[PDB]
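What follows is a set of notes on a single structure, which appears directly below.
Note on naming: letters A, B, ... go to the chains in the order of the sequence lines (proteins, then strands), and numbering restarts at 1 for each one. As the structure lists them, so they are numbered: ligands from 1, and atoms in each ligand from 1. Values below: every heavy atom of this structure, side chains too, minus hydrogens, waters and symmetry copies.
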Amino acid sequence: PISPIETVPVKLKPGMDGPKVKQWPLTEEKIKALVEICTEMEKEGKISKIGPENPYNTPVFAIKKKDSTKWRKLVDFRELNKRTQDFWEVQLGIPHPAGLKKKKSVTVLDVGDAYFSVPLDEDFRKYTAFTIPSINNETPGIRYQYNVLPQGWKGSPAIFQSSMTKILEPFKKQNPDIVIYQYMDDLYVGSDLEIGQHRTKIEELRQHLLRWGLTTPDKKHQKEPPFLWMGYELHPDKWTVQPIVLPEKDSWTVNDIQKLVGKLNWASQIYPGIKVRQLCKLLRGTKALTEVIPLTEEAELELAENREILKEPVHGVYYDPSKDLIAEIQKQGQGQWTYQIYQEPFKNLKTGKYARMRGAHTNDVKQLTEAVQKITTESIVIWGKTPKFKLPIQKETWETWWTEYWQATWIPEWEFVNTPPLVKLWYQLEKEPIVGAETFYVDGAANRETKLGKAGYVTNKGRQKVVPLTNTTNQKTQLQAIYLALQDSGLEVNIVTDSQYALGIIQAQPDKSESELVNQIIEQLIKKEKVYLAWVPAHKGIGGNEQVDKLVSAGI
Amino acid sequence: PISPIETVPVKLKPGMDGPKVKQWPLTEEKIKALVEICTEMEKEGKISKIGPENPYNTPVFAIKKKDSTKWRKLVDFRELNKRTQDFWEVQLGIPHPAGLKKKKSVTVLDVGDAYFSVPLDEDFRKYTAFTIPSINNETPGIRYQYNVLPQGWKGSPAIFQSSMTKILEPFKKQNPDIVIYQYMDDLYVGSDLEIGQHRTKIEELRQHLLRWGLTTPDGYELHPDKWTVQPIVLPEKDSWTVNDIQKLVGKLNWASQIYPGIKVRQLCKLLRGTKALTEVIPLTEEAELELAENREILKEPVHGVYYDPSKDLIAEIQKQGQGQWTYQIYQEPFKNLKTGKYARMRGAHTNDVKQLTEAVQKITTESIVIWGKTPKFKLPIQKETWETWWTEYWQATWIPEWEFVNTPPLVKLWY
Ligand SMILES: C=Cc1cc(N(C)C)nc(S(C)(=O)=O)n1
């Protein structure tokens, strides 16, 4: 039944008119079924047959030819959606099983006439017009428009959630011990009541909703064994996500793919590594929900990697507000980190992996910091507080790093956990120039016009080198010069540049970079026993710098 | 119960729409605090529940102001304030006293409760929407908009201007040697009186405000005398190496962007050659004089600098270690309006982020006192680090604009 609740006013974006997209014809077996499904819908108030004065149209389709799946109609609102106003999505993110507290008695109610029993803003219905295809042309097709929140329309979820909140509000006040969570058509109700009274408070809720227009069938059916909330299995002492199965086939429609991305977004919340970039590609640029879009090579590869991940189940425990959260991180091999959040040893709430990179040049200690920050924020989202950290970094390592970093850094309450490969600063810059180490004054230049450059050095001991370079830049030549000096020197060396660029990069003790050059500089830096790097203004006297400049700039 | 008196019409700047700024995640205590605060504000009609068909949003969170008291609510209206039309003569409120910066002490009163008695233009409320988040997203957000002048919105102080004048008229008759300046939710009161003499007049003013509907949270002493600039200095070693000399010339060169009268020549002289860094050099006389020369030039404040009321104020900060920091404020590069230092540690915070969040508030306050605007900040920190943590240490009812920088070797140049 359609709910008595007040509609929410809905607007088109300013300057935009309504949809005016035309119907595709077809099989007069699709037209049957459509007309059946439609008359049924019309019987229940969801839609009304209308008058041809209405100028707007959006397409209709018929899907799942039998297959033990009778038929089902399919409205393509893509065009209307782009024309309807934006909405504020209130939710910061979707709820996680580990965020749930332990409850003696739990029920999940289903909202079937979810969308199809919440009224649409009267003024807005005219824009949801569609036609069922006119077989022959002495008259047009059957016209209709929606009276409730349409399936794929941009506003249904926001408005549906809004409405569920107004409707549940009375019943919550009357019942402050009971917690209710709405998610799509799942309604989670938990309490610590005895199964006798709890089941009883539920019947009351079912009536409450019923008064407001919302049905809720004698649940039983034949799905009662496991107990599912938004795809999670909620057992008494733990939750589980059963392995997800992605369809296999080759003929993939726009609709098939739109469905796939959704089911992958739900999933990336529980599993680490789920990717959707290639699949989303296949979509925009086209039309026709039912047109077959063949999978690119990359897309095919994303799907393979996605199955491999979604291959295993996931398990976790519930949250106990009376216990600290602990989070533990391990290094996993070049930009790879794993973490476990728990409250009691070995009973995990949530586990994940961070695989990323800072910018172009980074180090394990920066990465660990960002990982700590990413985890802090997740924790606040899911539990509203921050975990105590256990990190594979010695206090002294962190102590010397944050002491000397030109940027402010911080890490919350933490303790050292001597575990996998510990997190280390791979080399250090010397504070003071080194006695009896040779001094290389390096320099580099390159013609912006021609791309040709030279990189080389000059040392206090009469040593020298100049190297001709094709297609590089002022900035690369500077780096090449420094490398030269690293190559051609002993375990101790004082280098001197006038390159702000170069000096900055080395200053931050990168142990990893996306520049081949820089990575070779690193491997050099780690061999050396003592390095001292030094900046000076270019184009000044500076006896050292002056010469290297002359030599390195015969590229004018 | 609000006042049926006419509302001032308020518009956004032409071409601009409302804020659509995402709410950041909040801790549990902050949530429970705000739900409590708002529930009460709604009963009093200060704000109203709204739904998702209102597309705008501004983040909200909660703080503890004067001496870790109890929860205050803080809406980050930086985006709405930029998008909100200006007010000409009632520009950002009133003119700014030049004599406020010259008083023995200055105290900062939180006068935000006042705004909640003027109704806000009806067509404008929608742009004031904010959404309290829920833990693990169990609930969905509680959304509200404002029915009255909101705290934090630049429109509020300007619309309440004429009421403020009238409310403070009495107190200024009885005290003409007191300077008063309103910046947003705040009242800056400065006398050159005497710590106890002065402080009684704050409680005195507070009582006067209290008898006028202006409840005031239950000061915060600051002294714009104790404000001096950080002079640039050079070392004066007994033994000078090639490196020593080399560093020095580097400093002197950068510093030639501020003072165009310094020369480095006689010192580069000394470095003629391809010497080892360790090599001690003896100074010329024509060079060793050059030093005391520049040492003097740099001993006298830069001259000819010009506050321009039309341009932004900009703030740079440098972490110097030791729990110590440095900042310059300026409008155009190298033409600095002030430079100072903020040293701490040896007390209670080994926390690097807490120290910077505190420095940002001292610099902003100083800047309010002196020019009546807040500077935009270049912050020596990664966006995610600062974003995950700053609010835990914030105690002001305002928020300056900021961006995140990439510091070079101009650190070892400010000390
Ligand atoms: C597509 C989203 C979705 C949604 C869902 N819910 C919300 C019941 N369950 C699943 S499942 C059966 O693949 O674990 N998927």
>> Contact between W153(A) and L80(A) at the side-chain level, heavy atoms closer than 4.5 Å - yes or no?
In response: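 Sidechains of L80(A) and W153(A): in contact.
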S48(A): which residues meet the side chain to side chain donor-acceptor pair (under 3.5 Å) condition with it, sequence neighbours left out?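 If we apply the side chain to side chain donor-acceptor pair (under 3.5 Å) test to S48(A), skipping adjacent residues, the hits are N147(A).
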Tabulating one pair per line, provide the atom names and distances (0.1 Å) for every N/O atom of ligand 1 that is less than 3.5 Å from a protein N/O atom.
unit_1: ligand 1; atom_1: 13 (O); unit_2: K263(A); atom_2: NZ; d: 2.9

Exercise. Apply ring-ring contact (aromatic ring centres under 6.0 Å, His included) to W252(A) and list each qualifying residue two or more places apart in sequence or on a separate chain.
Key: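 ring-ring contact (aromatic ring centres under 6.0 Å, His included) list for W252(A), sorted by chain: empty.
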(request) Sort and list the pairs that fulfil ring pair (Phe, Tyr, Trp, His ring centres under 6.0 Å) and have at least one residue in residues 86-115 of chain A, not counting sequence neighbours. (result)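 Listed by first then second residue: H96(A)-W239(A), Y115(A)-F160(A).
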Derivation of the side-chain contact (heavy atoms from CB on, under 4.5 Å) call for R83(A) and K154(A):
CA-CA 10 Å; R83(A) 294 176 175 278; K154(A) 168 204 205 189; over 6 Å; no
- Query: So, do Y232(A) and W266(A) have ring centers that fall under 6.0 Å from each other?
  - Reply: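 Ring-ring flag for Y232(A)/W266(A): true, centres closer than 6.0 Å.
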